[PDB]
Amino acid sequence: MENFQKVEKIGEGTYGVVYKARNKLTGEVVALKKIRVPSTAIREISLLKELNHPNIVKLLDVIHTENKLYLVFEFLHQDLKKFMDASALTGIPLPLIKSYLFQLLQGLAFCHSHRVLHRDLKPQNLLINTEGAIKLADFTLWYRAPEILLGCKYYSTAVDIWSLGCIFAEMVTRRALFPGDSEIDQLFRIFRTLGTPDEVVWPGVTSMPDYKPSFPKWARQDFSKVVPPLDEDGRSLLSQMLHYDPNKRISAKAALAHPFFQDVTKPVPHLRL
Ligand SMILES: COc1cc(N)ccc1-c1ccc2c(-c3nc4c(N5CCN(C)CC5)cccc4[nH]3)n[nH]c2c1
Ligand SMILES: COc1cc(N)ccc1-c1ccc2c(-c3nc4c(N5CCN(C)CC5)cccc4[nH]3)n[nH]c2c1
């Protein structure tokens with residue numbers, strides 16, 4: 001760590017504080033996470049160093065010293081949450097929403113092809129640069145897939161597609177799709193929009209660990225009401241990302257081929273830094 005000069009505290013993460021720092025050896029400005037250590041951890045994290053892709057924030061170095069673990073990452077200057085908040089009066093233009101969605105699907109398609117899932121996508125860990133890029137980082141209950149909320153412990157890559165669908169909707173409407181403040185409030189916010197799931201639409205749902213037959217029965221709403229002026233291609237894609245049954249939920253790879261991306265481009269955002 002004497003090889004790192006802390007510049008400022010970036011965040012108070014899930015497993016430790018994150019600082020903007022300078023690597024004194026290379027001169028590079030990096031994001032440094034101090035984890036608050038298991039050997040099983042070292043090996044798992046050491047693998048993620050290899051997982052390199054333009055839409056995944058790079059793990060540059062893993063430093064294990066004095067029974068402490070420091071993870072050093074590529075640094076980006078802004079997160080999607082900040083940008084969403086800054087774009088709130090006007091909205092993010094559709095071409096940039098589409099670009100960001102496309103890129104995140106590429107990142108996910110890459111990760112998922114290596115059997116690695118994110119598990120906790122949210123605007124706060126999606127990072128953007130001045131080039132029009134958006135990147136997955138860390139690779140709130142608002143973005144949690146229903147199978148996680150229903151107690152499935154062996155969930156799949158589909159959980160990330162759900163979270164991204166929630167983020168897509170939020171970019172479009174400038175409001176969170178399912179802003180729950182408890183696990184059951186989250187689940188019931190989902191049910192009140194998409195309908196209480198049953199064995200017809202989600203085979204196996206009634207045997208999920210935390211499923212209760214006493215769940216109230218709500219009817220499904222029209223997507224046109226849920227994500228207004230989003231066009232039919234967008235709503236079609238969103239509907240497939242938000243399928244209850246994780247086995248019917250669209251994959252990242254299939255999503256990339258959806259007609260919504262027929263005219264995708266890569267605009268440059270206006271970033272105030
Ligand atoms: C801001 O850095 C960049 C900006 C841009 N735009 C482009 C490239 C880079 C860049 C720079 C360095 C590196 C290294 C690297 N160098 C060293 C090292 N050197 C450092 C040089 N010298 C004093 C002797 C000791 C010592 C130990 C580990 C190292 N790893 N790998 N990849 C790099 C990429
Ligand atoms: C464990 O962290 C990781 C794990 C993995 N596996 C992969 C990546 C990362 C990672 C995380 C963050 C960053 C950043 C960065 N974050 C911010 C930032 N924050 C404040 C608001 N919010 C709460 C978060 C965003 C605000 C301004 C500038 C920033 N730059 N650069 N690189 C990172 C790499």
Query raised in the report: Taking the radius of gyration and the Kirkwood hydrodynamic radius from Cα positions alone, what is the Rg/Rh ratio for the chain, to two decimal places?
Result: 0.98
**Report entry** Between the stretch 99-126 and the stretch 51-88, the alpha-carbon center distance in angstrom
**Finding:** 14 Å
Query raised in the report: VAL17's amide H: which non-local residues (gap 5+, or another chain) put their own amide H closer than 5 Å, with H modeled 1.01 Å from N in plane and none for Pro or chain starts?
Result: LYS34
Query - Cross-link pairs beyond the 23 Å C-alpha cut-off, checked among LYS33/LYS81; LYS122/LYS266; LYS98/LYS217; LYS24/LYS68 - result: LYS98/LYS217
Query raised in the report: What residues from the stretch 4-27 fall in the zone where the backbone N is under 18 Å from a label point 7 Å along the Cα-to-C-beta line of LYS68?
Result: 4-25
Requested in this report: Excluding residues fewer than 8 places away in the same chain, name every one of the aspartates and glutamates whose C-alpha is closer than 18 Å to that of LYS9.
Outcome: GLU28, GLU74, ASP79, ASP138
Requested in this report: Scan the stretch 167-245 for GluC sites (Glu not before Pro) in coil per DSSP, keeping those whose Cβ has at most 15 other Cβ atoms within 10 Å, and list them by number.
Outcome: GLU199
Report task. Distance between Cα centroids, the stretch 186-228 to the stretch 133-181: provide it in whole Å. Result -> 16 Å
Query raised in the report: Near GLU66, within a Cβ-to-Cβ distance under 15 Å, what is the net charge of the other residues, with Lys and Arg +1 and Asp and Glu -1?
Result: +2
Report task. Sum -39500 (n - 2.57) across every DSSP H segment of at least 4 residues in the chain, then divide by the residue count to get the 222 nm mean residue ellipticity, nearest 500. Result -> -9500 deg cm²/dmol
Report summary line: Summing +1 per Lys or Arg and -1 per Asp or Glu among the other residues with Cβ less than 11 Å from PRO179's Cβ gives -1
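Backbone-built Cβ (ideal geometry, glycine too); neighbour counts: all protein chains shown. Read the figures in this text as sums done on the coordinates, not as results from a lab.
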